[PDB]
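K.L.:
Dropping a structure here in structure tokens format, bear with me for questions.
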Amino acid sequence: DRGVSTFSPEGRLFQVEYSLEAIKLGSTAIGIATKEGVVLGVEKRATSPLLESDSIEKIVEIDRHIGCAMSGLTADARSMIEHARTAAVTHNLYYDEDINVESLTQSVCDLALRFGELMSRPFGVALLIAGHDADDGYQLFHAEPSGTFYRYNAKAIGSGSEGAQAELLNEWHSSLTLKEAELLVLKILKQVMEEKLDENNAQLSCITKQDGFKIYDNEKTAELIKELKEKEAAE
Amino acid sequence: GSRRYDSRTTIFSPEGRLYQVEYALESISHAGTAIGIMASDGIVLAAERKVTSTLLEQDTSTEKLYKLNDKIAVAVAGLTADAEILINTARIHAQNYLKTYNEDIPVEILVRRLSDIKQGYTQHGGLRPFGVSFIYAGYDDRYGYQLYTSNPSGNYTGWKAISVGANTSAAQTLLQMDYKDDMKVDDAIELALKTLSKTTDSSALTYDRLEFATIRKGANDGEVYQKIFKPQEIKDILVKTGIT
Amino acid sequence: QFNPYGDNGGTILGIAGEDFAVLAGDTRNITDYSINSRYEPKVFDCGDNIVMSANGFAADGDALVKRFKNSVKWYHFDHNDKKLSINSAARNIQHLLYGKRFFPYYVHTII
Amino acid sequence: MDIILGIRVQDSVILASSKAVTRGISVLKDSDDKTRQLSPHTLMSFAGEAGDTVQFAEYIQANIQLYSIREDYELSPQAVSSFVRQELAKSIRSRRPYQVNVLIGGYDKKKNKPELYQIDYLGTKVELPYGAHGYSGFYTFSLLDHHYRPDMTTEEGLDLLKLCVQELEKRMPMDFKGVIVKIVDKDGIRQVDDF
Amino acid sequence: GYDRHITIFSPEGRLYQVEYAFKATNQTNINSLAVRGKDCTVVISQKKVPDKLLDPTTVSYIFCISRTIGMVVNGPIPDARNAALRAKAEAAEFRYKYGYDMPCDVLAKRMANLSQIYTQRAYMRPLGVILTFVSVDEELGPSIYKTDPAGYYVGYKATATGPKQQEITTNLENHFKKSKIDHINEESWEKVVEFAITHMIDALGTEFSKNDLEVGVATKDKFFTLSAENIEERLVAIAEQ
Amino acid sequence: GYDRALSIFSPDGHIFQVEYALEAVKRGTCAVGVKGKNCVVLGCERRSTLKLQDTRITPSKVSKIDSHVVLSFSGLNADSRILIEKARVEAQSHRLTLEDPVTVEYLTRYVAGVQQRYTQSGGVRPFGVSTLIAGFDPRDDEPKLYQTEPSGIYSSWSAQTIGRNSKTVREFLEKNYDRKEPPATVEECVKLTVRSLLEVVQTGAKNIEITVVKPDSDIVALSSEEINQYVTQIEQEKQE
Amino acid sequence: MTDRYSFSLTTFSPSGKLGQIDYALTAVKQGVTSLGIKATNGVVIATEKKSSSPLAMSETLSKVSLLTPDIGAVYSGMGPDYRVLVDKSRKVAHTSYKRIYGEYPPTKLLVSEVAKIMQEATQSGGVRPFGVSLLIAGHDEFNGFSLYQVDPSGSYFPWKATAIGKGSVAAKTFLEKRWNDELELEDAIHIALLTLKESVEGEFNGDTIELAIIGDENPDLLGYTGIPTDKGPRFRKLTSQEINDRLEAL
Amino acid sequence: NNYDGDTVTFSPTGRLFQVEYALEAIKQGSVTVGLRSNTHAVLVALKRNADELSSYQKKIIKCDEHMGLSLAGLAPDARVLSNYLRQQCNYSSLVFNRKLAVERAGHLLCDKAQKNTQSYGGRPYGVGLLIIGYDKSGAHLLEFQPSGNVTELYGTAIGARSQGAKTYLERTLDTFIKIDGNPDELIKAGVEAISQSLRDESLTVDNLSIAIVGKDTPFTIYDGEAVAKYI
Amino acid sequence: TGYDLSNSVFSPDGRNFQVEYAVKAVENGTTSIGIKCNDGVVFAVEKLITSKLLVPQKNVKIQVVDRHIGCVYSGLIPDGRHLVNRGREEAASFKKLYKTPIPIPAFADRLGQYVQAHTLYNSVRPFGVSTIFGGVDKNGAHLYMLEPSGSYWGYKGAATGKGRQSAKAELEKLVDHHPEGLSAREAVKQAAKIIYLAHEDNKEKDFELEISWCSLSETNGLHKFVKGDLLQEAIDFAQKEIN
Ligand SMILES: [Cl-]
């Protein structure tokens with residue numbers, strides 16, 4: 001057939017580029033970074049109404065100061081999360097301190113290109129890694145299966161990414177509050193989602209310096225959805 | 001590099017079938033028919049040797065029926081060389097169990113172990129599967145008399161009466177017709193030979209073209225005896241049942 | 001029989017002030033009843049405003065300091081030139097020392 | 001640990017095991033249960049070096065429980081005892097052997113017979129009407145040689161066991177803080193809460 | 001058609017890679033000849049130095065495997081030297097393990113077994129060489145044993161290898177039909193070399209100078225190659241009768 | 001060792017080997033899972049092409065992983081044994097180290113992790129198996145029902161079906177199963193499970209297997225006659 | 001480097017055929033004819049010494065090989081494959097039997113070990129099957145005299161008499177007419193020479209024919225005296241002269 | 001065509017297509033410039049962003065107090081190679097108490113990249129590197145290609161539109177080489193050189209990335225408002 | 001067809017096309033030569049000046065092995081470096097065990113066997129270089145040239161690369177006109193001339209000359225680079241001959 005680590009004539013790794021196509025088919029995940037915190041939101045996308053939606057875990061804690069959202073082949077993310085958690089805890093053991101968000105992201109991205117003929121293929125999932133540290137403050141990173149990671153003020157991944165990213169382009173500014181960011185994620189998720197957005201098919205989360213990483217209750221998110229509807233109807 | 005020449009023996013088809021397992025089953029369908037029939041007081045194993053010669057030394061020959069231990073035997077359908085590899089592994093497994101627990105290995109546990117080995121060759125290693133189907137005839141004090149079959153996929157199932165190899169469709173229909181639950185060994189012997197006699201591709205069924213065996217409690221008091229039939233003994237049972 | 005350990009003597013002293021800290025050590029180096037050197041530096045600047053001394057068997061002492069200095073260098077590389085805090089340095093040194101739990105660095109370390 | 005006793009009567013097996021755990025000059029505990037249920041009708045008591053005893057017992061327990069689930073069937077006491085012996089026989093030539101002696105008391109539901117097996121850390125197995133490990137047998141075997149009859153009842157077995165424990169409490173230097181007694185029969189395993 | 005790329009059977013029961021390795025044997029366009037005397041075994045081979053920039057002393061297809069065993073190769077020099085290095089190692093190891101010098105036929109078998117493995121194992125290619133081993137064995141006497149890329153080997157009364165092997169083979173066949181013996185009835189090795197060169201000249205139909213030939217001689221307890229001047233003396237004797 | 005990457009991405013971003021493993025599940029006999037208020041029921045199809053079978057000794061479709069958890073499946077039978085064995089070993093290992101039996105979610109996460117591993121490991125193909133894992137957590141009375149598939153994704157279900165004609169029985173369950181009020185009793189839950197299989201099975205004789213799991217390690221498999229009574233009652237009500 | 005061919009080169013085709021084994025059998029078909037006949041008091045194996053060149057010394061090439069003192073082997077097909085199999089067969093007779101039980105293996109069990117080696121070359125990674133069919137004749141105390149055929153698949157069958165290679169179809173027919181259960185060893189040798197003459201084109205004599213027997217014990221070939229229970233090898237290779245003597249009474 | 005499936009295959013004209021395809025990945029990468037005088041060596045790198053919300057990908061990596069590089073192409077491959085350089089620099093210091101020569105550092109990178117071009121299974125590195133350093137023989141600038149070819153130069157540039165900067169340096173050769181004991185003027189020449197490779201976009205405060213090493217100057221990277229001086 | 005797609009495969013001719021394709025990479029490279037003289041050897045190479053930005057005399061191509069062997073090559077430069085690294089390991093292990101420095105013929109076979117090994121498997125690629133090497137040992141001076149196939153011979157003069165035909169013609173004249181031999185200092189001058197004459201095949205870009213030598217009298221049998229006045233003297237001699 002052909003090598004797994006083969007370059008195309010354009011100078012791209014076939015398998016890496018193909019894994020990016022799998023990520024485009026995945027459910028939408030959005031992250032927005034502010035000076036008051038970083039917000040992470042995802043589309044759950046249950047395949048059937050009998051599927052208990054609360055068991056869909058696409059937002060995940062890595063440490064108290066670092067959270068993570070995923071999009072694509074979500075099964076592939078489990079070993080990445082396990083590595084992230086181990087890396088975070090191990091660094092605390094070795095250095096008696098929290099690990100920098102960038103350093104954590106870099107550790108996850110070191111796994112990415114460890115494939116050949118090590119694992120047999122790249123990961124088929126993209127990650128939004130959000131967190132806080134004392135040096136660089138509130139941060140949001142986009143970790144790809146290419147081994148590359150970009151820092152973002154705001155970022156959308158998954159099926160409605162380019163449409164959501166264009167919307168984030170206009171809406172984001174450096175003085176956004178946490179409440180404003182929460183509503184903005186809900187607004188854009190509602191826009192790109194197929195089914196109608198509610199507390200059961202969409203999930204919110206945030207990371208603040210004080211309270212750390214928190215996944216939002218369905219009751220808490222439901223209020224923010226109701227608050228969104230009213231403010232859009234206000235003009 | 002080497003990738004160019006790899007057949008990829010452990011992959012799915014678009015339909016969700018294992019190519020090599022299916023093709024191995026096609027190979028087995030041309031092998032000599034083997035039949036197993038389980039009765040209340042014993043088990044029968046009957047098998048047809050493939051187009052033999054007059055110059056073949058029959059009394060010292062063994063291509064179909066093999067002994068795994070004193071309680072368990074197997075009938076082979078497929079590549080004999082492949083079967084002997086598995087048979088020797090099964091014999092060792094039985095002895096390992098006996099050494100560990102000081103009890104004879106239960107039939108199903110032996111069957112599951114061999115079936116798991118076959119499964120492994122279909123999922124990993126990049127090697128071709130064993131082109132063999134077994135009929136297991138055995139006894140233990142839990143389930144009593146048992147008949148099983150395994151095939152190259154590593155899937156196994158329990159049976160009252162079963163055939164493997166050539167003409168199984170025709171053979172299974174005949175067995176399904178005449179088999180009854182209250183049947184005895186002597187009757188099962190007759191059914192096995194009659195089924196082979198009708199399904200055989202040969203002109204006539206003779207002693208030199210057969211291998212035969214029984215597992216009977218017909219042993220002095222509460223114990224089990226394996227009887228691998230001799231050429232003259234197969235000739236006698238053919239006359240008794242009225243085939244020759 | 002070969003004895004992999006030795007005793008190079010010397011003595012060190014650390015005192016913590018309110019907004020300062022000192023780490024002192026004599027410059028004598030010995031084996032048995034002989035002087036090897038009257039001036040062999042024992043307290044070292046390891047970067048990031050941290051000073052270190054590993055007193056006892058000098059070969060293990062030098063090895064440990066060398067490995068800690070190395071750890072500071074790689075801490076900068078791996079974590080965006082972040083300053084290694086004294087508490088983090090101390091925990092790192094614990095792992096360097098406990099890593100050879102069954103063939104110990106024969107030293108008393110002070111930072 | 002110290003004293004473990006076993007006696008096979010007409011229709012049951014009775015295991016008695018001391019409650020004391022001593023390290024150095026202190027009795028750290030006086031209610032320790034030196035036994036593990038391997039299967040519903042098979043019990044194993046143990047004594048030997050600290051740590052090894054529990055580690056070995058729980059390892060055996062896990063293996064028998066795994067077998068039970070896989071086959072949906074309980075192994076005979078004889079089969080379990082043979083498995084345990086092989087593990088100890090394997091262990092004695094290891095880098096660091098399990099320093100554990102065991103008694104296996106079980107009721108075979110197939111044969112409807114109680115069975116007691118004594119196995120030491122070397123992998124030395126014997127089936128016995130009554131057994132003991134350590135210095136216990138130096139006292140108790142003479143009593144059992146005199147009183148034991150094979151057709152005894154469970155109640156008679158317990159009385160004979162009390163006579164063994166009384167002798168041990170009189171003549172042994174160590175205070176083993178009494179014994180926990182367990183009975184293994186056709187109905188399963190139960191503990192005698194007053195002894 | 002990947003059955004022609006690696007050493008697996010074709011539908012005809014053939015190994016094409018082995019057959020193509022036989023064809024690589026003649027890539028050098030050199031002919032070799034081996035004959036046995038009473039006390040000696042002689043091997044001769046054509047020497048061709050086409051480039052003037054070459055150092056002609058280093059151009060050789062005859063190898064001193066051990067003190068007793070010599071080897072001439074028909075095929076490309078890289079594979080020839082591969083085989084030579086292995087044979088030297090095998091011969092040395094044999095002496096160390098078993099306490100006596102490796103016989104010519106035993107080395108031939110060993111190298112033939114190695115060649116057989118390349119015809120059966122896919123990851124190893126056959127060597128595109130034919131190896132002619134020569135010695136005066138302490139048990140069997142004068143010996144010629146030849147190995148090929150199929151892993152075949154056999155002893156020889158005399159032999160020839162190369163593009164024009166058949167012409168040389170028939171020439172030798174016709175001589176042994178007359179004499180009715182399995183060797184060259186001659187006392188000195190010098191005259192056996194003269195026989196070898198003379199019959200190669202007759203078979204090929206070409207004259208030789210001192211630099212056109214390469215000669216190896218096996219006697220009891222040593223094998224050695226002749227210099228250009230030693231060969232010249234040999235060519236003079238042939239011309240004078 | 002054989003290191004060949006069998007599971008790989010295609011231009012359109014699909015892993016065909018994982019997708020073809022799902023087709024093997026589609027071929028497999030139907031399996032269904034329904035959880036009531038205080039129970040879970042696992043229904044399984046037995047294809048009646050195979051008669052003259054010995055039902056005593058033939059491998060049953062529902063397998064106990066521990067005394068409180070069960071596993072049924074659809075797809076390759078031989079593959080399922082490997083997952084079941086690993087799951088059983090992990091269950092005992094968990095009891096040994098944590099001194100507490102596995103939760104149903106934990107066991108599911110383990111089995112799902114094994115399946116995932118076989119989708120990006122060299123020299124191996126994915127499992128052609130989807131599983132339904134059901135039971136009750138230790139000292140808990142809340143019913144649990146999970147599903148896994150060859151890719152390695154898993155999730156919890158109020159009710160779910162897998163295997164051949166699973167599209168039809170899922171259609172049935174989606175309209176008949178009410179979340180606000182699930183099957184309150186064992187009878188109601190079993191009845192709904194048998195009803196759902198009767199949409200697909202053919203004959204209600206020896207083709208339907210039912211296994212009821214209740215809290216505190218209370219697991220029992222229904223017999224032919226017990227199931228036949230459900231089949232009789234369902235059709236008699238249907239004649240109206 | 002590393003052997004990266006860890007996958008099977010012999011696989012099942014859609015029709016259920018194992019191609020490489022079939023092709024190996026085709027190579028055996030092209031090979032020179034060899035045969036075996038079993039008598040009451042012995043066994044004979046024979047083949048043609050097809051000399052590749054008249055300059056080649058055909059005595060140095062042994063087609064008939066001693067495996068144990070009481071077991072011999074001959075082949076048809078690829079000679080090099082046969083040679084390595086004989087080496088492995090001789091070694092396995094020691095490692096897997098003689099070093100354990102202190103005695104040479106019975107014919108059937110040695111055949112079984114050879115068969116195993118040939119089966120593995122049909123399934124293991126990065127190898128082709130052996131391109132030979134073997135005929136193994138032997139004797140042991142409890143089974144008596146026996147003759148076995150071993151094919152590239154690893155399958156083996158016991159024979160009263162048989163032939164393999166070039167003219168096997170015609171040779172097997174010839175043997176069916178002549179063979180009976182009352183044959184003495186000399187009668188079997190006579191029949192072997194008659195059968196083999198049909199498949200040979202050119203010269204037919206002791207120098208072009210290779211023939212060995214499994215018969216009576218040969219104390220003269222033992223090499224030592226002083227142990228009554230050791231009576232010598234039953235395997236004996238017939239000389240060029242011994243063959244020619246029987247060709248006069250042909 | 002038929003000879004580009006893996007790195008272990010020459011084409012009929014003696015070309016290695018997988019290596020050439022890896023070389024192509026560098027041309028797609030953002031521009032970076034390297035130049036030196038006798039006293040100092042300078043790296044200038046145009047950082048690239050994904051979009052307006054994203055950060056600008058870092059181009060320059062420090063290897064030792066006296067050595068570092070800038071990258072163009074696959075960034076993870078630059079991380080692997082820079083990590084290897086860090087280790088080799090570090091081995092030289094710990095074992096020999098010796099700062100690693102820039103020329104030897106180039107030789108080590110060449111040999112590491114080469115092994116990936118001759119073996120089956122692996123792949124060539126998909127990145128080009130510009131290594132600067134100051135050692136016992138003064139200032140140095142190296143250009144690394146993943147074919148294995150390493151070249152010592154006065155000045156150079158790699159990446160997209162790098163030909164414009166390379167021509168400028170070829171004209172300015174005689175001027176910037178003489179800029180001794182003046183770091184700011186050497187950087188100015190580097191900033192003016194990279195400007196010849198720009199189209200549409202211009203050098204902003206978070207776009208530009210500069211690094212320098214010299215006689216009494218450790219390898220230091222300048223980003224953000226630290227490079228506003230040079231805009 | 002398809003025989004040329006995989007290394008170590010014999011074509012129906014009996015050829016290894018992958019090795020022949022490696023030769024094409026060698027033919028594409030710059031010219032390098034070797035000259036055997038009275039008591040030693042001289043190596044010279046053409047270095048194409050791709051740009052003014054190349055630092056003169058810095059990008060050294062000729063490599064030393066041990067202290068007595070010089071190595072130069074044409075084709076893929078990294079492949080040559082890999083081969084020299086191996087050569088250095090081979091020379092070190094020889095000297096470690098046998099004490100004496102590795103003889104040149106012995107060294108030649110070590111490289112030869114290693115290059116030949118890369119024609120035995122499809123899991124490796126052949127070397128894309130022809131290497132000219134040699135030096136002085138106990139038996140005197142030796143010059144060798146090694147091809148991608150692993151084939152090597154001893155030479156009086158050797159040449160490879162794009163200008164090999166031009167060079168070979170020039171070397172052949174020296175062999176004919178100097179049967180008694182050529183001196184070391186003469187060989188350096190002649191080496192310079194031949195590279196300049198061979199530069200007509202690469203006449204688009206200008207070049208830099210690099211020479212090295214091992215000589216029993218001039219360098220005590222050690223490998224040294226030709227530098228300064230002796231290099232300029234050779235350049236002047238070369239420039240005079242082309243005009
Ligand atoms: Cl060998």
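Identifiers in the structure tokens: chain A, B, ... in order shown; residue index from 1 per chain; ligand index from 1 in order shown.
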Around ligand 1, at most 10 Å away and counting only C-alpha atoms and all ligand atoms, which residues are there? Put them as a ChimeraX atom specification, please.

P.N.:
/E:106-107,109-117 /G:83-84,87-88

K.L.:
Wanna dump the chain A-chain B contacts at 10 Å for me, each residue with its shortest atom pair and the distance in Å to one decimal, counting only C-alpha atoms, ordered by chain and number, as JSON lines?

P.N.:
```
{"residue": "A:1", "atom": "CA", "partner": "B:4", "partner_atom": "CA", "distance": 6.4}
{"residue": "A:2", "atom": "CA", "partner": "B:3", "partner_atom": "CA", "distance": 7.7}
{"residue": "A:3", "atom": "CA", "partner": "B:3", "partner_atom": "CA", "distance": 8.2}
{"residue": "A:117", "atom": "CA", "partner": "B:3", "partner_atom": "CA", "distance": 9.9}
```

K.L.:
Per residue of chain I within 12 Å of chain B, note the shortest atom pair and the distance in Å to one decimal, counting only C-alpha atoms, and order the rows by chain and increasing residue number, as JSON lines.

P.N.:
```
{"residue": "I:2", "atom": "CA", "partner": "B:4", "partner_atom": "CA", "distance": 11.5}
{"residue": "I:5", "atom": "CA", "partner": "B:1", "partner_atom": "CA", "distance": 9.5}
{"residue": "I:6", "atom": "CA", "partner": "B:1", "partner_atom": "CA", "distance": 7.0}
{"residue": "I:7", "atom": "CA", "partner": "B:1", "partner_atom": "CA", "distance": 8.3}
{"residue": "I:8", "atom": "CA", "partner": "B:1", "partner_atom": "CA", "distance": 10.4}
{"residue": "I:9", "atom": "CA", "partner": "B:1", "partner_atom": "CA", "distance": 11.3}
{"residue": "I:121", "atom": "CA", "partner": "B:1", "partner_atom": "CA", "distance": 8.5}
{"residue": "I:122", "atom": "CA", "partner": "B:1", "partner_atom": "CA", "distance": 5.1}
{"residue": "I:123", "atom": "CA", "partner": "B:1", "partner_atom": "CA", "distance": 5.0}
{"residue": "I:124", "atom": "CA", "partner": "B:1", "partner_atom": "CA", "distance": 8.0}
{"residue": "I:125", "atom": "CA", "partner": "B:1", "partner_atom": "CA", "distance": 9.8}
```

K.L.:
For chain I, which residues have at least one atom within 6 Å of chain H, if we go by only C-alpha atoms? Write them as a ChimeraX atom specification, please.

P.N.:
/I:21-22,24-25,53-55,78,123-125

K.L.:
Save the residues we just selected, N, CA, C and O atoms, as a PDB file, in the first residue's frame?

P.N.:
```pdb
ATOM      1  N   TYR I  21      20.573   3.219 -10.076  1.00  0.00           N
ATOM      2  CA  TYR I  21      19.961   4.530  -9.861  1.00  0.00           C
ATOM      3  C   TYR I  21      20.750   5.362  -8.853  1.00  0.00           C
ATOM      4  O   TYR I  21      20.785   6.588  -8.952  1.00  0.00           O
ATOM      5  N   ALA I  22      21.375   4.697  -7.883  1.00  0.00           N
ATOM      6  CA  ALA I  22      22.266   5.374  -6.940  1.00  0.00           C
ATOM      7  C   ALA I  22      23.483   5.961  -7.659  1.00  0.00           C
ATOM      8  O   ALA I  22      23.963   7.031  -7.294  1.00  0.00           O
ATOM      9  N   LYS I  24      23.450   7.242 -10.564  1.00  0.00           N
ATOM     10  CA  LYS I  24      22.990   8.485 -11.197  1.00  0.00           C
ATOM     11  C   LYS I  24      23.116   9.683 -10.254  1.00  0.00           C
ATOM     12  O   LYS I  24      23.417  10.792 -10.694  1.00  0.00           O
ATOM     13  N   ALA I  25      22.886   9.455  -8.962  1.00  0.00           N
ATOM     14  CA  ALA I  25      23.087  10.490  -7.947  1.00  0.00           C
ATOM     15  C   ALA I  25      24.564  10.872  -7.833  1.00  0.00           C
ATOM     16  O   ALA I  25      24.891  12.040  -7.620  1.00  0.00           O
ATOM     17  N   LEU I  53      27.568  34.328  -0.439  1.00  0.00           N
ATOM     18  CA  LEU I  53      27.335  34.207   1.002  1.00  0.00           C
ATOM     19  C   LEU I  53      28.039  33.007   1.650  1.00  0.00           C
ATOM     20  O   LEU I  53      28.155  32.950   2.875  1.00  0.00           O
ATOM     21  N   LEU I  54      28.486  32.052   0.836  1.00  0.00           N
ATOM     22  CA  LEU I  54      29.305  30.939   1.323  1.00  0.00           C
ATOM     23  C   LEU I  54      30.634  31.455   1.862  1.00  0.00           C
ATOM     24  O   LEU I  54      31.326  32.215   1.183  1.00  0.00           O
ATOM     25  N   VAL I  55      30.987  31.037   3.076  1.00  0.00           N
ATOM     26  CA  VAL I  55      32.250  31.446   3.691  1.00  0.00           C
ATOM     27  C   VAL I  55      33.377  30.625   3.063  1.00  0.00           C
ATOM     28  O   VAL I  55      33.335  29.395   3.110  1.00  0.00           O
ATOM     29  N   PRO I  78      25.693  13.776   2.686  1.00  0.00           N
ATOM     30  CA  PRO I  78      25.386  13.093   3.949  1.00  0.00           C
ATOM     31  C   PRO I  78      25.685  11.589   3.940  1.00  0.00           C
ATOM     32  O   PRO I  78      26.162  11.056   4.942  1.00  0.00           O
ATOM     33  N   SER I 123      14.889  -3.158   2.957  1.00  0.00           N
ATOM     34  CA  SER I 123      14.655  -2.284   4.105  1.00  0.00           C
ATOM     35  C   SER I 123      15.690  -1.161   4.203  1.00  0.00           C
ATOM     36  O   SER I 123      15.583  -0.295   5.072  1.00  0.00           O
ATOM     37  N   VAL I 124      16.693  -1.186   3.326  1.00  0.00           N
ATOM     38  CA  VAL I 124      17.691  -0.119   3.252  1.00  0.00           C
ATOM     39  C   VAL I 124      17.906   0.345   1.818  1.00  0.00           C
ATOM     40  O   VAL I 124      17.613  -0.373   0.860  1.00  0.00           O
ATOM     41  N   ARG I 125      18.414   1.567   1.696  1.00  0.00           N
ATOM     42  CA  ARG I 125      18.720   2.183   0.415  1.00  0.00           C
ATOM     43  C   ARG I 125      20.227   2.060   0.175  1.00  0.00           C
ATOM     44  O   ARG I 125      21.007   2.123   1.128  1.00  0.00           O
TER      45      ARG I 125
END
```

K.L.:
I'd like the contact shell of stretch 166-179 of chain F - 10 Å cut-off, only C-alpha atoms, skipping same-chain residues fewer than 2 positions apart - returned as a PyMOL selection string.

P.N.:
(chain A and resi 48-50+52) or (chain F and resi 26+29-32+34-36+158-164+181-183+189+192-193+195-200)

K.L.:
Using C-alpha atoms, can you export the residues from the last selection as a PDB file, in the first residue's frame?

P.N.:
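File produced: selection21.pdb:
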```pdb
ATOM      1  CA  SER A  48     -30.655   8.827  19.950  1.00  0.00           C
ATOM      2  CA  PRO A  49     -33.136  10.136  22.573  1.00  0.00           C
ATOM      3  CA  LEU A  50     -32.712   6.950  24.674  1.00  0.00           C
ATOM      4  CA  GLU A  52     -28.611   9.405  28.637  1.00  0.00           C
TER       5      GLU A  52
ATOM      6  CA  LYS F  26     -24.546  -5.478  12.101  1.00  0.00           C
ATOM      7  CA  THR F  29     -27.549 -11.669  16.303  1.00  0.00           C
ATOM      8  CA  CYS F  30     -29.694  -8.981  17.924  1.00  0.00           C
ATOM      9  CA  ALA F  31     -29.109  -8.010  21.554  1.00  0.00           C
ATOM     10  CA  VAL F  32     -31.257  -5.618  23.599  1.00  0.00           C
ATOM     11  CA  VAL F  34     -33.766  -2.293  28.986  1.00  0.00           C
ATOM     12  CA  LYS F  35     -33.478  -0.831  32.499  1.00  0.00           C
ATOM     13  CA  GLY F  36     -36.516  -0.481  34.771  1.00  0.00           C
ATOM     14  CA  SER F 158     -32.086   4.163  29.288  1.00  0.00           C
ATOM     15  CA  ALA F 159     -32.669   1.414  26.733  1.00  0.00           C
ATOM     16  CA  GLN F 160     -30.620   0.220  23.763  1.00  0.00           C
ATOM     17  CA  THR F 161     -30.274  -2.477  21.116  1.00  0.00           C
ATOM     18  CA  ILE F 162     -27.394  -3.704  18.939  1.00  0.00           C
ATOM     19  CA  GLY F 163     -26.899  -6.246  16.140  1.00  0.00           C
ATOM     20  CA  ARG F 164     -28.955  -7.196  13.082  1.00  0.00           C
ATOM     21  CA  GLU F 181     -41.961   6.475  34.175  1.00  0.00           C
ATOM     22  CA  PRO F 182     -39.807   3.424  33.321  1.00  0.00           C
ATOM     23  CA  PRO F 183     -40.896  -0.223  33.830  1.00  0.00           C
ATOM     24  CA  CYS F 189     -39.387  -4.628  32.115  1.00  0.00           C
ATOM     25  CA  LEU F 192     -41.131  -4.723  27.156  1.00  0.00           C
ATOM     26  CA  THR F 193     -37.831  -6.481  26.346  1.00  0.00           C
ATOM     27  CA  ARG F 195     -42.002  -7.302  22.959  1.00  0.00           C
ATOM     28  CA  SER F 196     -39.063  -5.432  21.411  1.00  0.00           C
ATOM     29  CA  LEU F 197     -37.411  -8.696  20.286  1.00  0.00           C
ATOM     30  CA  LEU F 198     -40.713 -10.015  18.855  1.00  0.00           C
ATOM     31  CA  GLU F 199     -40.531  -7.191  16.280  1.00  0.00           C
ATOM     32  CA  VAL F 200     -37.482  -8.963  14.784  1.00  0.00           C
TER      33      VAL F 200
END
```

K.L.:
If you measure from atom CA of residue F:123 to atom CA of residue G:8, what distance in Å do you get, rounded to one decimal?

P.N.:
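One can read the atom CA of residue F:123 to atom CA of residue G:8 distance as 12.8 Å.
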
K.L.:
Mind checking DSSP for stretch 9-228 of chain E and telling me the helix (DSSP H, G or I) residues as a PyMOL selection string?

P.N.:
chain E and resi 16-24+77-98+104-120+165-179+189-204+228
